[PDB]
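Here we start with a single chain on its own, the form deposited in one PDB entry, put down as structure tokens.
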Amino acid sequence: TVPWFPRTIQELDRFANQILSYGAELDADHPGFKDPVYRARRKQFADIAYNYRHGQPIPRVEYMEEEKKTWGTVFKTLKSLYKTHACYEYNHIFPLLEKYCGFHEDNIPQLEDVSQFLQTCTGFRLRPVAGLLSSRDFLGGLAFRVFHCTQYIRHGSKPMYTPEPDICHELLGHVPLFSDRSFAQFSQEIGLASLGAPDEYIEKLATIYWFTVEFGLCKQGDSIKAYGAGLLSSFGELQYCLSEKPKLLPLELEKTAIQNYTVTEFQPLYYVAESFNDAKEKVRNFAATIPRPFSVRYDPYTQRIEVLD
């Protein structure tokens, strides 16, 4: 039988409050969680996402000095690294976000403003969530050009890296490429292919997604650049990914798909795509092979899924 999947953009709210985590709460290496004050702060952002409903404007928040300081350190350090570490596509867009989306070190962008901006670029919109969603739900959202985004920020004691998708990751790692026409169409396409697919294919798609969209590397000309959202939001792992420490292998879905990866530490291995474009094509081609007893058609005017066959 086919698992239930959203057919309308409003139906996304059904799983909006089903949050997970990478299981680092009990990690002595990430004391952030244990922080009682930080926990209460996190609870506030969670309540906003829980009470939020489709179509409503994303509530604006006033960040604390510790949080603004963290964003400042993260933003400034990454902007410096992008010049020599980020792929061409990313660097060509980033300037636009800074000028038309308020991306600056002395100001944490409000999701409502970012969402309005994205809508004008590619039709993508933000949907605040309490935290990490399952791969099926996240991918399913992309089918409607909806990016479930967190609003809280990583603990200030370790800005260099966090084993959770905080606002820095969502905005500096994902948002930029979601504002790109081609990447946006690519994203929606894989999301559409995931709707109602068996979990063994969802998890396989998730692993491929992990080694490309999240932590992929690609060569442009005779150099190697990072294009994975997870690398672009971690100045700690961004430095490491192009260093002599990690192991590098050519992108090959057949092998990449069955490869294991870590979710609480820097990746010990990365896959290098022949180019940013080839990465998109490979992932796109694999998603199209995902079997299901039907076909789907998205109507952008009504924002509804049409199940055929």
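The term rigid core refers to the most C-alpha atoms you can superpose between the two forms while keeping them within 1.5 Å. All residue numbers refer to positions in the sequence shown, first residue = 1.
Form deposited in another entry: not shown, discussed below.
**OP:** Could you check which of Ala130, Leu192, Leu238, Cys168 shows a C-alpha shift of 2 Å or more between this form and the one not shown after a rigid core superposition?
**Re:** After core superposition, the one over threshold is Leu238.
Original post:
Once everything's superposed on the core, is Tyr88 shifted 2 Å or more at the Cα between this form and the one not shown?
Top reply: True for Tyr88: a C-alpha shift of 2 Å or more.
Original post:
With the core lined up, does the C-alpha of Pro300 move 2 Å or more between this form and the one not shown?
Top reply: Superposed on the core, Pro300 moves its C-alpha less than 2 Å between this form and the one not shown.
Original post:
Does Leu118 show a Cα shift reaching 2 Å between this form and the one not shown after rigid-core superposition?
Top reply: No.
Original post:
Between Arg284 and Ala229, do the C-alpha atoms lie closer or farther in the other entry than in the shown form, with a difference of 3 angstroms or more?
Top reply: Note: Cα gap between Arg284 and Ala229 widens in the other entry.
Original post:
Do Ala229 and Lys280 have their C-alpha atoms closer or farther apart in the other entry than here, with the shift being 3 angstroms or more?
Top reply: Relative to the shown form, the pair is farther apart.
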